[PDB]
Amino acid sequence: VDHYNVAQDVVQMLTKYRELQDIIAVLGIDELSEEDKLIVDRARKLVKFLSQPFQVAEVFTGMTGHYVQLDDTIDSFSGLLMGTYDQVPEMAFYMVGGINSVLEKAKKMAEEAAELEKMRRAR
Amino acid sequence: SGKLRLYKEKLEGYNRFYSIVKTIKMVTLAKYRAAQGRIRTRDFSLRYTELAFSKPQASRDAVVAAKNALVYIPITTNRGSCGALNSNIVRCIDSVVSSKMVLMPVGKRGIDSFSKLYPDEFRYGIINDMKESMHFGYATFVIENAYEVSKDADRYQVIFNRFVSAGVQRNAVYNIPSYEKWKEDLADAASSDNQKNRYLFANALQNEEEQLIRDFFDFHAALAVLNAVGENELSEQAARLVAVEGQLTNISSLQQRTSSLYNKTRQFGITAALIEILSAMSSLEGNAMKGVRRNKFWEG
Amino acid sequence: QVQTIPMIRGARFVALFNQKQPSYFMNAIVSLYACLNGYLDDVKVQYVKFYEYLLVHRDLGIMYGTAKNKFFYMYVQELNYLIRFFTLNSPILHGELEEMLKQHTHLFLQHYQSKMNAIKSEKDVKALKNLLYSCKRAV
Amino acid sequence: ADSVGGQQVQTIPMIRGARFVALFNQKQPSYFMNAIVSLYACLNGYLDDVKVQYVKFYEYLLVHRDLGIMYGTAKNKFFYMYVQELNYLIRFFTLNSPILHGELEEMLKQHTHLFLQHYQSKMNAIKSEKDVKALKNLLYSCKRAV
Ligand SMILES: O=c1ccn([C@@H]2O[C@H](COP(=O)(O)OP(=O)(O)OP(=O)(O)O)[C@@H](O)[C@H]2O)c(=O)[nH]1
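Protein chains in written order, with the UniProt record's numbering: chain U, 391 to 513; chain W, 2 to 301; chain S, 446 to 584; chain X, 439 to 584.
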């Protein structure tokens with residue numbers, strides 16, 4: 391039942407993201423309501439989170455592949471829909487497997503940003 | 002086959018139609034995106050204009066006792082596809098037809114509609130190219146022509162469209178009484194307790210010289226016209242975007258109905274042609290008859 | 446958006462038509478009668494399924510001790526043939542039918558819909574959605 | 439797609455797309471060196487200041503002529519369009535290589551500057567009944583000459 395509810399919720403969010411995408415074309419995101427600007431942020435994370443790096447391409451693409459378990463995927467999406475991961479950057483969901491990978495990528499992105507800012511302050 | 006390609010040509014036309022109409026949406030959206038600014042900067046120029054002219058009078062005593070030309074200046078769009086704005090305005094004008102009615106409509110559609118509908122009453126119309134911004138000079142041109150049409154006019158009315166929201170465009174009215182009737186009401190609002198809210202405003206005008214009052218009257222009349230045309234433009238672009246979307250979807254439904262008839266036709270055409278050939282094949286097989294077999298039947 | 450009486454009842458009727466398993470004759474007709482008579486006007490569209498479930502698989506009046514009907518209690522499946530025989534508009538079964546419907550509507554609006562309208566927590570919203578999914582799939 | 443009315447605006451992608459769609463017009467096959475060089479020039483924006491009507495004439499001068507040598511301004515040592523044997527060097531070494539990239543840009547820059555200074559300037563100044571016809575015939579001939 392949890393799998394079905396999550397899948398339907400994802401589909402509904404994606405469908406809403408399409409109509410909101412067209413609304414902003416005539417308005418601009420700044421016009422949309424804050425429910426429809428949290429729903430346009432979660433949807434973008436979902437679209438990025440449905441991509442995955444395959445182990446078959448560990449050679450010609452260079453990125454380690456992932457094999458996400460069924461239960462892990464359900465939990466990861468269920469948490470994302472609720473809004474638990476509303477602080478993680480959008481790009482942390484791009485070409486990753488599972489939720490732990492998202493956290494690891496976010497930490498690496500944060501560390502890289504801090505180092506770059508620290509280097510900039512020196513010069 | 003021609004019949005199949007007839008549908009293909011028909012669907013070919015609908016495709017270009019969708020592209021052109023979509024191009025129209027792009028143009029209107031740009032104009033609406035830049036005309037959306039007035040929504041921020043409106044609702045403050047006409048404050049003392051309200052006091053000058055805001056009079057919630059009855060709709061019968063105003064027109065029943067007309068002894069002089071009642072001039073109407075409906076606002077209409079140059080290009081069609083706007084929606085029901087022009088139609089409603091015509092209904093609003095048809096509902097007030099009278100002996101003394103004179104019409105000086107704005108826009109080609111208003112001219113075309115009213116030249117046919119009201120040839121005698123129609124005197125002439127004003128046309129503005131939607132190239133520059135709706136400015137004061139255009140309003141002054143509307144008023145000057147309106148006076149010359151009927152200087153001895155009991156009232157000059159402007160019937161335009163108010164853009165309440167993206168999907169709400171109501172019809173609004175600015176009634177402007179000529180100098181004589183206005184200064185008479187301004188004189189009663191000053192002396193009498195009646196029209197309290199206008200008491201201070203009226204007395205502050207009677208203190209000044211007359212030419213100033215006449216300039217005041219013309220200036221505020223121009224502002225009311227300027228607001229109406231400005232709103233009627235914003236309602237026009239908003240309405241066209243709504244209407245154009247309707248046309249796009251209608252032209253999409255037709256594209257989905259002529260495609261099915263084109264894919265249903267090709268399937269039937271293939272089946273029939275093949276059936277014809279096999280019927281001829283079976284006819285030539287049936288007409289053929291096997292002859293006596295000239296073999297050594299005994300040798301077996 | 447002008448919502449007249451026909452529009453409201455029609456929307457409720459459409460929501461009720463959503464089914465997964467065949468419904469017993471008594472349960473279906475009773476629910477249709479309640480919607481037809483306007484008892485669901487105050488009930489939101491998204492809560493119709495939950496309202497129907499409480500009417501068939503629960504009894505609010507007995508739960509909150511405000512019920513006095515002699516026979517027309519929906520847990521009595523034997524009433525189906527009595528309803529099929531006479532009607533739901535017969536004086537024999539009309540008074541009690543109205544009474545239980547009014548009590549069920551009053552209790553539902555007082556207790557359940559009021560709380561469902563005061564849910565903002567993300568966890569509670571998820572729980573409410575899961576509840577609605579379960580009710581829609583089960584009567 | 440939005441150019442059906444609305445007065446299409448000439449962004450750099452459009453300023454270069456039009457030239458590309460005008461270079462593709464040809465009658466006879468093009469030698470690899472001539473084609474690749476012309477595409478590279480249009481790709482880096484050397485034809486942004488060249489009107490769409492004169493693109494074929496610009497290409498013809500680049501291929502069958504050498505403005506730099508004509509005006510005694512060429513400074514490249516080996517990279518000249520009259521050296522038809524550079525084709526295999528370009529095939530082995532891409533145009534985006536230090537061996538050829540430096541001289542290639544120099545020649546394109548010089549050719550573009552000379553063309554705008556001398557030829558296109560005169561073209562925009564044509565006002566007559568016979569010069570216009572001569573220009574039109576010249577452009578058509580260049581259209582099917584390269
Ligand atoms: O012969 C006259 C007398 C009066 N007036 C005009 O009548 C009005 C009476 O104006 P007020 O009496 O209300 O005030 P004021 O003298 O302070 O006016 P300002 O100069 O400050 O504007 C003023 O606008 C004055 O110019 C004339 O123009 N001519």
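No residue lacks a Cβ here, since even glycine has one placed at the ideal position from N, Cα and C.
Between W/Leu-249 and chain U, is any beta-carbon pair separated by less than 8 Å?
Working through the second sequence from its first residue, we reach residue 249 of chain W at position 248. Chain U places no beta carbon closer than 8 Å to that of W/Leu-249, leaving this residue out of the contacts.
Anything in the region 13–33 of chain W with a Cβ closer than 7 Å to a Cβ of chain X? List those residues in chain order, please.
Only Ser-20, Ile-21, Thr-24, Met-27 and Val-28 from the region 13–33 of chain W bring a Cβ to less than 7 Å from some Cβ of chain X.
Shortest alpha-carbon distance to W/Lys-56 belongs to which of W/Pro-178, W/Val-165, W/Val-91 and W/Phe-115?
Taking the first residue of the second sequence as 1, we reach residue 56 of chain W at position 55. Out of W/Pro-178, W/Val-165, W/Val-91 and W/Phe-115, the CA that lies nearest to the CA of W/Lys-56 is found in W/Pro-178.
So, for W/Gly-108: in the same chain, excluding its five sequence neighbours on each side, which residues have a beta-carbon less than 6 Å away from its beta-carbon?
Position 107 of the second sequence, counting from 1, holds the residue named residue 108 of chain W. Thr-77, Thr-78 and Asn-79.
Under 8 Å by beta carbon: chain W residues contacting X/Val-442
For the purposes of this step, residue 442 of chain X is taken as residue 4 along the fourth sequence, with counting starting at 1. Residues of chain W passing the Cβ test: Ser-20, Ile-21 and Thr-24.
Any C-beta of chain W under 8 Å from that of U/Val-446
Within the first sequence, residue 446 of chain U is the residue found at index 56, counting from 1. Interface annotation, U/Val-446: not in contact with chain W, CB-CB separation never under 8 Å.
Less than 8 Å separating the beta-carbons of S/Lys-581 and S/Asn-463?
The sequence position of residue 581 of chain S within the third sequence is 136, counting from 1. The sequence position of residue 463 of chain S within the third sequence is 18, counting from 1. Yes, they are a contact pair.
Cβ atoms of U/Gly-487 and U/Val-446: under 8 Å apart, would you say?
The residue you call residue 446 of chain U lines up with position 56 of the first sequence. The residue you call residue 487 of chain U lines up with position 97 of the first sequence. Cβ atoms of U/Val-446 and U/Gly-487: not closer than 8 Å.
Following a CB-centred definition, is W/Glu-211 positioned closer than 7 Å to any heavy atom of ligand 1?
Residue numbering aside, residue 211 of chain W sits at position 210 when the second sequence is read from its first letter. Checking the Cβ of W/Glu-211 against ligand 1 gives no.
By Cβ distance below 7 Å, which residues in the same chain neighbour W/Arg-215 in space, the five residues on each side in sequence not counted?
Here residue 215 of chain W is taken as the residue at index 214 of the second sequence, counted from 1. Cβ neighbours of W/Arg-215 within its own chain (closer than 7 Å, five residues either side excluded): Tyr-180.
Grouping DSSP H, G and I as helix and E and B as strand, with all else coil, what is W/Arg-156?
Counting from 1 along the second sequence, the entry for residue 156 of chain W is found at position 155. The answer is strand: DSSP assigns W/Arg-156 an E or B state.
Which term fits U/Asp-399, buried or exposed, when burial requires 16 or more other beta carbons within 10 angstroms of its beta carbon?
Taking the first residue of the first sequence as 1, we reach residue 399 of chain U at position 9. With at least 16 other beta carbons inside 10 angstroms of its own, U/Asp-399 counts as buried.
Excluding sequence positions up to five away, which residues of its chain have a Cβ less than 8 Å from the Cβ of W/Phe-45?
Stepping through the second sequence from its first residue, residue 45 of chain W is reached at position 44. Within the same chain, no residue comes within 8 Å of W/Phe-45 by CB-CB distance, once the 5 residues on both sides are set aside.
List the residues that DSSP assigns as beta-bridge partners of W/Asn-162.
On the second sequence, residue 162 of chain W is found 161 positions in, with the first residue counted as 1. Paired residues: W/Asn-172.
Using alpha carbons as the reference points, say which of U/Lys-435, U/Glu-425, U/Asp-392 and U/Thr-463 lies closest to U/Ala-496.
For the purposes of this step, residue 496 of chain U is identified with residue 106 of the first sequence, where counting begins at 1. Of the listed residues, the one whose Cα sits closest to U/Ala-496 is U/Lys-435.
At a threshold of 7 Å, does W/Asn-208 count as lining ligand 1 (C-beta to nearest heavy atom)?
Counting from one through the second sequence, the residue named residue 208 of chain W turns up at place 207. Ligand 1 approaches W/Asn-208 closely enough that one of its heavy atoms is under 7 Å from the residue's Cβ.
Length of the line joining the Cα atoms of U/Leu-404 and U/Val-396
Within the first sequence, numbered from 1, the residue matching residue 404 of chain U stands at position 14. Within the first sequence, numbered from 1, the residue matching residue 396 of chain U stands at position 6. Their Cα atoms are separated by approximately 12 Å.
In terms of DSSP beta bridges, what is W/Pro-57 paired with?
As a first step, residue 57 of chain W is located in the second sequence; it is residue number 56 there, counting from the start. Under DSSP, W/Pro-57 takes part in no beta bridge, so it has no partner.
Given this structure, state the Cα-to-Cα distance separating W/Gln-58 from W/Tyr-157, to the nearest angstrom.
Here the question's residue 58 of chain W lines up with position 57 in the second sequence. Here the question's residue 157 of chain W lines up with position 156 in the second sequence. In a straight line, the C-alpha of W/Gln-58 is about 15 Å away from that of W/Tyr-157.
Within 8 Å, do at least three Cβ pairs link the region 197–211 of chain W to the region 108–123 of chain W?
The region 108–123 of chain W makes no contact with the region 197–211 of chain W, as fewer than three CB pairs between them are under 8 Å.
Would the beta-carbon of residue 403 of chain S fall within 8 Å of that of S/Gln-448?
It is not possible to answer for residue 403 of chain S, since the shown part of chain S is limited to 446 through 584.
What does S/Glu-541 touch in chain U if you count any residue whose Cβ is under 7 Å from its own?
Here residue 541 of chain S is taken as the residue at index 96 of the third sequence, counted from 1. Contacts between S/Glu-541 and chain U, judged by CB atoms closer than 7 Å, are missing: the closest CB pair is about 37 Å apart.
Within the region 91–149 of chain W, ranges of the beta strand (DSSP E) (whole runs, at least 3 residues):
Within the region 91–149 of chain W, the complete beta strand (DSSP E) segments at least 3 residues long are 102–104, listed from N- to C-terminus.
What residues from chain S crowd round U/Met-472, counting only those whose CB sits closer than 9 Å?
Numbered from 1 along the first sequence, position 82 holds the residue referred to as residue 472 of chain U. Within chain S, the C-beta atoms nearer than 9 Å to that of U/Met-472 come from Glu-567, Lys-568, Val-570 and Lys-571, in chain order.
For W/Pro-178, write down the residues that DSSP places opposite it in a beta bridge.
Position 177 of the second sequence holds residue 178 of chain W. Under DSSP, W/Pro-178 forms a beta bridge with W/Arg-156.
Within 10 Å of its beta-carbon, does residue 303 of chain W have 16 or more other beta-carbons around it, so buried, or fewer, so exposed?
For residue 303 of chain W there is no data in the structure shown, the boundaries of chain W being 2 and 301.
From X/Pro-467 to X/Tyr-578, what distance separates their C-alpha atoms?
Numbered from 1 along the fourth sequence, position 29 holds the residue referred to as residue 467 of chain X. Numbered from 1 along the fourth sequence, position 140 holds the residue referred to as residue 578 of chain X. Their Cα atoms are separated by approximately 17 Å.
Neighbour flag for U/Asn-395 against chain A, beta carbons, 8 Å:
The displayed structure is made up of protein chains U, W, S and X, and chain A is not among them.
How would you list, in chain order, the residues of chain U whose beta-carbon sits under 9 Å from the beta-carbon of S/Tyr-578?
Taking the third sequence and counting its residues from 1, one reaches residue 578 of chain S at position 133. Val-391, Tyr-394, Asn-395 and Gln-398, listed in chain order.
Beta carbon of X/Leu-477 nearer than 8 Å to that of X/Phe-553
Position 39 of the fourth sequence, counted from the first residue, corresponds to residue 477 of chain X. Position 115 of the fourth sequence, counted from the first residue, corresponds to residue 553 of chain X. Not closer than 8 Å, so no.
Since S/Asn-575 meets chain U, which of its residues come closer than 7 Å, beta carbon to beta carbon?
Looking up residue 575 of chain S in the third sequence gives position 130. The contacting residues are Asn-395.
As a quick exercise: from S/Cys-480, S/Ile-537 and S/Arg-503, pick the residue whose alpha carbon is nearest that of S/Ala-456.
As a first step, residue 456 of chain S is located in the third sequence; it is residue number 11 there, counting from the start. In terms of CA proximity to S/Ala-456, S/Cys-480 leads the group S/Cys-480, S/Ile-537 and S/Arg-503.
Any beta-carbon of chain W closer than 8 Å to the one on U/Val-401?
Here residue 401 of chain U corresponds to residue number 11 of the first sequence, with the count starting at 1. Residue-level contact by beta carbon fails for U/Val-401 and chain W, as no gap is shorter than 8 Å.
Run through the DSSP bridge pairs and tell me what W/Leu-71 is partnered with.
Position 70 of the second sequence, counting from 1, holds the residue named residue 71 of chain W. Bridge partners of W/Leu-71: W/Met-102 and W/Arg-156.
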